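Participant: Structure: my_file-v3.cif, mmCIF, C-alpha atoms.
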data_protein
#
loop_
_atom_site.label_atom_id
_atom_site.label_comp_id
_atom_site.auth_asym_id
_atom_site.auth_seq_id
_atom_site.Cartn_x
_atom_site.Cartn_y
_atom_site.Cartn_z
CA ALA A 2 82.17 80.14 83.87
CA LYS A 3 82.73 77.51 81.12
CA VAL A 4 82.08 73.76 80.85
CA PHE A 5 83.36 72.26 77.57
CA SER A 6 81.82 69.36 75.71
CA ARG A 7 84.24 66.56 74.94
CA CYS A 8 84.84 67.46 71.24
CA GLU A 9 84.85 71.23 71.89
CA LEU A 10 87.65 70.58 74.37
CA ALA A 11 89.45 68.27 72.00
CA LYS A 12 89.33 70.95 69.31
CA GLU A 13 90.76 73.62 71.63
CA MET A 14 93.56 71.32 72.75
CA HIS A 15 94.31 70.43 69.13
CA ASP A 16 94.59 74.21 68.47
CA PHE A 17 97.10 74.45 71.30
CA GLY A 18 99.33 71.67 69.79
CA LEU A 19 98.86 69.02 72.54
CA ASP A 20 98.41 66.03 70.11
CA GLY A 21 101.74 64.19 70.52
CA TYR A 22 103.21 66.61 73.04
CA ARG A 23 105.71 64.60 75.18
CA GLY A 24 104.32 61.45 73.53
CA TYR A 25 100.70 61.94 74.66
CA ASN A 26 97.91 62.20 72.17
CA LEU A 27 94.79 64.32 72.26
CA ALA A 28 92.77 61.60 73.93
CA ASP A 29 95.14 61.45 76.90
CA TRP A 30 94.55 65.13 77.59
CA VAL A 31 90.78 64.97 77.11
CA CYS A 32 90.54 61.96 79.47
CA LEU A 33 92.72 63.85 82.02
CA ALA A 34 90.46 66.89 81.97
CA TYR A 35 87.37 64.82 82.37
CA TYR A 36 88.49 62.93 85.43
CA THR A 37 90.21 65.95 87.10
CA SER A 38 87.59 68.66 86.59
CA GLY A 39 84.75 67.20 84.57
CA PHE A 40 85.77 69.80 81.91
CA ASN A 41 84.96 72.70 84.29
CA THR A 42 87.44 75.57 83.81
CA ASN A 43 86.38 77.05 87.16
CA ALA A 44 86.66 73.92 89.35
CA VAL A 45 88.38 74.37 92.74
CA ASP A 46 89.08 71.47 95.13
CA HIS A 47 90.37 72.07 98.66
CA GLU A 48 92.58 69.30 99.98
CA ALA A 49 92.81 68.21 103.62
CA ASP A 50 96.14 70.04 104.08
CA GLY A 51 94.24 73.22 102.88
CA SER A 52 96.01 73.41 99.52
CA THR A 53 93.81 73.95 96.46
CA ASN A 54 93.56 72.21 93.11
CA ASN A 55 92.65 74.62 90.41
CA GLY A 56 90.97 74.78 87.05
CA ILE A 57 90.56 72.37 84.11
CA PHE A 58 93.61 70.32 85.12
CA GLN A 59 93.30 70.71 88.89
CA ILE A 60 96.70 72.21 89.38
CA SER A 61 98.01 72.31 92.94
CA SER A 62 98.82 75.42 95.00
CA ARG A 63 101.53 73.39 96.88
CA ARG A 64 103.90 73.38 94.00
CA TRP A 65 102.81 75.01 90.77
CA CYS A 66 100.85 78.11 91.51
CA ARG A 67 100.67 80.79 94.17
CA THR A 68 98.02 81.43 96.85
CA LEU A 69 98.59 83.43 100.08
CA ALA A 70 99.30 81.70 103.43
CA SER A 71 99.90 78.42 101.50
CA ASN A 72 103.42 79.62 100.27
CA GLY A 73 105.28 77.26 97.84
CA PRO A 74 107.74 77.12 95.00
CA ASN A 75 105.08 78.45 92.53
CA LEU A 76 106.87 76.79 89.61
CA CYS A 77 104.40 78.07 86.97
CA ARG A 78 104.84 81.61 88.33
CA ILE A 79 101.17 82.29 88.47
CA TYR A 80 98.42 82.98 90.96
CA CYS A 81 96.20 79.91 91.31
CA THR A 82 93.12 82.05 90.64
CA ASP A 83 94.50 82.79 87.18
CA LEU A 84 94.19 79.09 86.31
CA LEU A 85 90.35 79.51 86.64
CA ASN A 86 89.94 81.34 83.35
CA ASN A 87 87.55 80.30 80.50
CA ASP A 88 90.54 80.63 78.20
CA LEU A 89 92.73 77.56 78.75
CA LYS A 90 96.08 79.04 77.85
CA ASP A 91 97.63 79.39 81.30
CA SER A 92 96.43 75.99 82.46
CA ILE A 93 97.82 74.53 79.27
CA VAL A 94 101.16 76.24 79.74
CA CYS A 95 101.39 75.07 83.35
CA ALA A 96 100.35 71.49 82.49
CA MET A 97 103.06 71.45 79.84
CA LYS A 98 105.64 72.29 82.46
CA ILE A 99 104.24 69.61 84.72
CA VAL A 100 104.43 66.91 82.06
CA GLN A 101 108.10 67.70 81.51
CA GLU A 102 108.77 66.14 84.89
CA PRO A 103 109.68 62.41 84.80
CA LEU A 104 106.18 61.08 85.42
CA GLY A 105 104.53 62.95 82.63
CA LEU A 106 100.75 62.65 82.97
CA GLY A 107 101.25 60.01 85.66
CA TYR A 108 101.64 62.97 88.01
CA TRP A 109 97.83 63.22 88.12
CA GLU A 110 96.05 60.55 90.29
CA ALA A 111 92.97 60.93 88.11
CA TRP A 112 95.00 60.03 85.01
CA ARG A 113 96.73 57.13 86.68
CA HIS A 114 93.45 55.76 88.04
CA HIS A 115 91.14 56.34 85.05
CA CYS A 116 93.17 56.89 81.81
CA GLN A 117 96.42 55.04 81.99
CA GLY A 118 96.35 51.35 81.03
CA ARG A 119 93.21 51.84 78.88
CA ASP A 120 92.32 52.40 75.22
CA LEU A 121 91.33 56.09 75.12
CA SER A 122 90.50 56.60 71.44
CA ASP A 123 86.83 56.85 72.54
CA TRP A 124 87.59 60.24 73.96
CA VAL A 125 88.15 61.71 70.45
CA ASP A 126 85.92 59.44 68.41
CA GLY A 127 83.25 61.15 66.33
CA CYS A 128 84.84 64.61 66.70
CA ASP A 129 83.78 66.84 63.77
CA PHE A 130 86.93 68.97 63.68
CA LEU A 131 89.06 65.85 62.78
#
Represent the supplied structure as structure tokens.

Facilitator:
Amino acid sequence: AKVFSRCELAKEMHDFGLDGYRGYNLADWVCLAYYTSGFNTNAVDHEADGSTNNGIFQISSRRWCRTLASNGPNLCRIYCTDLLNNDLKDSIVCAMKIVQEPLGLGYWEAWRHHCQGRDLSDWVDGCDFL
């Protein structure tokens, strides 16, 4: 239902206060979204164990959100399908809870494999709102 451009997404995330949150800057978050969902707020990925990864940050039904038949701790206290909204707020809130765990953004494979260990300033370069 919505695919953000890079700077549009950066602007929304800046509005949500993610620049510097838990020591990660805006670029970290933009890079994460790109490599998890390609900036698609409606993305769903179905893993081999049948769990789902959901929304802009590809949040997992095994731990963080609730689906039926795949019961779990549902730590964000939210149906998975509610993380598929055009409005980012619930995905943001849930990602914030995830990054409070010891790994931070290292919890995402996509971030470890494409964003960590790299200069990411490119991801926010040229952005009008800044």

Participant: From the set A:66, A:88, A:71, A:35, which residue has the shortest atom-to-atom contact distance to residue 52 of chain A, counting only C-alpha atoms?

Facilitator: A:71

Participant: Counting all atoms listed in the file, which residue out of A:23, A:32, A:111, A:105 sits closest to residue 8 of chain A?

Facilitator: A:32

Participant: Using the chain letters and residue numbers of this document, give as JSON, numbers by chain the residues selected by the PyMOL selection byres ((chain A and resi 10-15) around 12).

Facilitator: {"A": [3, 4, 5, 6, 7, 8, 9, 16, 17, 18, 19, 20, 21, 22, 25, 26, 27, 28, 29, 30, 31, 32, 33, 34, 35, 39, 40, 41, 42, 57, 87, 88, 89, 90, 92, 93, 94, 96, 97, 122, 123, 124, 125, 126, 127, 128, 129, 130, 131]}

Participant: Kindly give the distance, in Å, that separates atom CA of residue 79 of chain A and atom CA of residue 65 of chain A, rounded to a single decimal.

Facilitator: 7.8 Å

Participant: Take the PyMOL selection byres ((chain A and resi 75) around 6), run it mentally on this structure, and tell me the resulting residues as JSON, numbers by chain.

Facilitator: {"A": [64, 65, 66, 67, 73, 74, 76, 77, 78]}

Participant: Ranking A:101, A:62, A:86, A:117 by minimum distance to residue 43 of chain A and counting all atoms listed in the file, which one comes first?

Facilitator: A:86

Participant: Let me know the residues the PyMOL selection byres ((chain A and resi 55) around 9) catches in the file above, as an MDAnalysis selection string.

Facilitator: chainID A and resid 38 42:47 53:54 56:62 66 81:85 92

Participant: Keeping only C-alpha atoms, take the residues you just selected and write them out as a PDB file, in the frame of the given file.

Facilitator:
ATOM      1  CA  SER A  38      87.590  68.660  86.590  1.00  0.00           C
ATOM      2  CA  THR A  42      87.440  75.570  83.810  1.00  0.00           C
ATOM      3  CA  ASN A  43      86.380  77.050  87.160  1.00  0.00           C
ATOM      4  CA  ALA A  44      86.660  73.920  89.350  1.00  0.00           C
ATOM      5  CA  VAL A  45      88.380  74.370  92.740  1.00  0.00           C
ATOM      6  CA  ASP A  46      89.080  71.470  95.130  1.00  0.00           C
ATOM      7  CA  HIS A  47      90.370  72.070  98.660  1.00  0.00           C
ATOM      8  CA  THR A  53      93.810  73.950  96.460  1.00  0.00           C
ATOM      9  CA  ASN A  54      93.560  72.210  93.110  1.00  0.00           C
ATOM     10  CA  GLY A  56      90.970  74.780  87.050  1.00  0.00           C
ATOM     11  CA  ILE A  57      90.560  72.370  84.110  1.00  0.00           C
ATOM     12  CA  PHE A  58      93.610  70.320  85.120  1.00  0.00           C
ATOM     13  CA  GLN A  59      93.300  70.710  88.890  1.00  0.00           C
ATOM     14  CA  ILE A  60      96.700  72.210  89.380  1.00  0.00           C
ATOM     15  CA  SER A  61      98.010  72.310  92.940  1.00  0.00           C
ATOM     16  CA  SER A  62      98.820  75.420  95.000  1.00  0.00           C
ATOM     17  CA  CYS A  66     100.850  78.110  91.510  1.00  0.00           C
ATOM     18  CA  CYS A  81      96.200  79.910  91.310  1.00  0.00           C
ATOM     19  CA  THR A  82      93.120  82.050  90.640  1.00  0.00           C
ATOM     20  CA  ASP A  83      94.500  82.790  87.180  1.00  0.00           C
ATOM     21  CA  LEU A  84      94.190  79.090  86.310  1.00  0.00           C
ATOM     22  CA  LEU A  85      90.350  79.510  86.640  1.00  0.00           C
ATOM     23  CA  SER A  92      96.430  75.990  82.460  1.00  0.00           C
TER      24      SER A  92
END

Participant: May I ask which of the residues A:106, A:63, A:115, A:95 is the closest one to residue 48 of chain A, counting all atoms listed in the file?

Facilitator: A:63
